[PDB]
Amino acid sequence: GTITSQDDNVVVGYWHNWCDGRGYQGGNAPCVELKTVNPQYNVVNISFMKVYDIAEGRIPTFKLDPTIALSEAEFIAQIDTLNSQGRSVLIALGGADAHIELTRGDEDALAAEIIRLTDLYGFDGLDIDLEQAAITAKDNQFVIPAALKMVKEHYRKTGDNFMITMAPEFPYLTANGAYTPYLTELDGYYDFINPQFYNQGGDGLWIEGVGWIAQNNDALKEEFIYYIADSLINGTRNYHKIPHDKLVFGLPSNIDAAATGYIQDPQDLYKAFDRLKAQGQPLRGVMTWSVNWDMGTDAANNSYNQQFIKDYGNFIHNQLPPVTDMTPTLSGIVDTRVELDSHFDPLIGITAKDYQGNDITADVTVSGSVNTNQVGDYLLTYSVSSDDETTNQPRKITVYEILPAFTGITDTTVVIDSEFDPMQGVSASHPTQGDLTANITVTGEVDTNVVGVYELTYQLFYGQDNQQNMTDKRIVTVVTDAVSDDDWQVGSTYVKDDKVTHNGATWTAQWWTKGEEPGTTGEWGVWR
């Protein structure tokens, strides 16, 4: 068959390229022929494209496990059967222990291997299903989208829609998270995202109305499904926006398929999707790990016998076709702090796209204005319109000021008759105004000919018209060069005629003394 894409809702199901996987609860997932997969799975994702051996280089590939008992030719043939039934088969890039660590430059070779693989096997597209380390390893965030653009474009040249999907774990979908670049770069290119709402344990979100809603809380599954989707489809509560027509809810097929996340009561899902529909935002489908688990056995060797597709197949397919959200996007906008009197350009770094990823940065308009000449806050609003929709985003610009700093104003002692220059070693500076040393004034003088304490106040005038000012003080002590009688010690013993300095005077002992303070022994005492 040829490139078969889906225009209506999807029920996506992953297909293990290996046999006898072990379940989180002791159960078993056999390998299955493609042709045995329930027709209601209209997207089947071959798992996984990966690096098989670093000795083959960095570009991941696909190699069928022969023990699934499908020849290469027969595998191609079962793909062809699915296609002739109108169903899609994707290659899923990633999975555990994928050893995908791409460098800048690798985008050309990756694209070529993707196309090679799609032409040989008859794949209809590619699901980005990166494991943790791989989301961010080396230049993956750049190489994988760059290559995927080239691939989407190759097949658009011949009139085909090569599909692009992604399976991020939901906690990665916050506005500034690790999946950002995949979602923004492939904006307009991707066909839908199927996040994994499972294996994240107590992770979840806070709904200012009703509290904390955890992905593993079975009492509040309906609220989990609804608020997490509502958040994604409106880009609220700190999630990157994924339009409802492009959102597929990923689940474990049963308790053996994932550690946490399985929906115990399907009603919770039916009701959550029904509420989303009621607000005019029906979702695009559901996804599951995996067809094998839906066909596996639990640990008492009892057969799961298709329970997942029994629960959700008819529910998802019996719905209207999706209605495209055509709102455009704004990128690069972040509240920003600017130094007083810097040049500020409101457009720099800001870009926009229409809903199919065309660049429409030129159409961006800005209201509000910044005065960098006055400290304070200024609100800008950016807006852009296209295909009869509009998006806006605010931006806070705060203008602020930094105080200059003095250096070299420390208290110092100088010897009588020295020369003292109040400015030697003294300067001032500011980060944008520079060397302000010439803007400093000195109040007070030092008389080096006269022992004593001289207090100097340094003033710095600065800013526009030198109308700002700071102040600091310094004490300069002019001390005597001349040697004197040693200071009296409370503990020392003194002899008649021994002399000491104490409290500014010189005193002579009239006899033997210990511990009597000169000045305290009255008119006729030991110290005169």
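The first residue of the shown sequence is 1; numbering continues from there.
Asker: Using only C-alpha atoms and the B-factors in the entry, which stretch averages higher, 243-251 or 200-208?
Answerer: So the stretch with the higher mean C-alpha B-factor is 200-208.
Asker: Of 283-291 and 443-451, which one has the bigger average CA B-factor?
Answerer: Averaging CA B-factors over each stretch, the winner is 443-451.
Asker: Determine which member of 173, 423, 77, 166 has the highest CA B-factor, using the values in the deposited entry.
Answerer: Spelled out: the listed residue with the top C-alpha B-factor is 423.
Asker: Looking at 320, 334, 126, 379, which has the biggest Cα B factor in the entry?
Answerer: The listed residue with the largest C-alpha B-factor is 379.
Asker: Mind checking which third residue 373 falls in for C-alpha B-factor across the chain?
Answerer: Within its chain, residue 373 is a highest-third residue by C-alpha B-factor, going by the deposited values.
Asker: For residue 303, does the deposited CA B-factor place it in the lowest, middle or highest third of the chain?
Answerer: Tercile = highest for this residue's CA B-factor.
Asker: Which third, lowest, middle or highest, does the C-alpha temperature factor of residue 109 belong to within its own chain?
Answerer: Its C-alpha B-factor belongs to the highest third of this chain's values.
Asker: Based on the entry's values, in what third of the chain does the Cα temperature factor of residue 193 lie: lowest, middle or highest?
Answerer: Bottom third by C-alpha B-factor.
Asker: Would the CA B-factor of residue 462 place it in the lowest, middle or highest third of its chain?
Answerer: Middle third.
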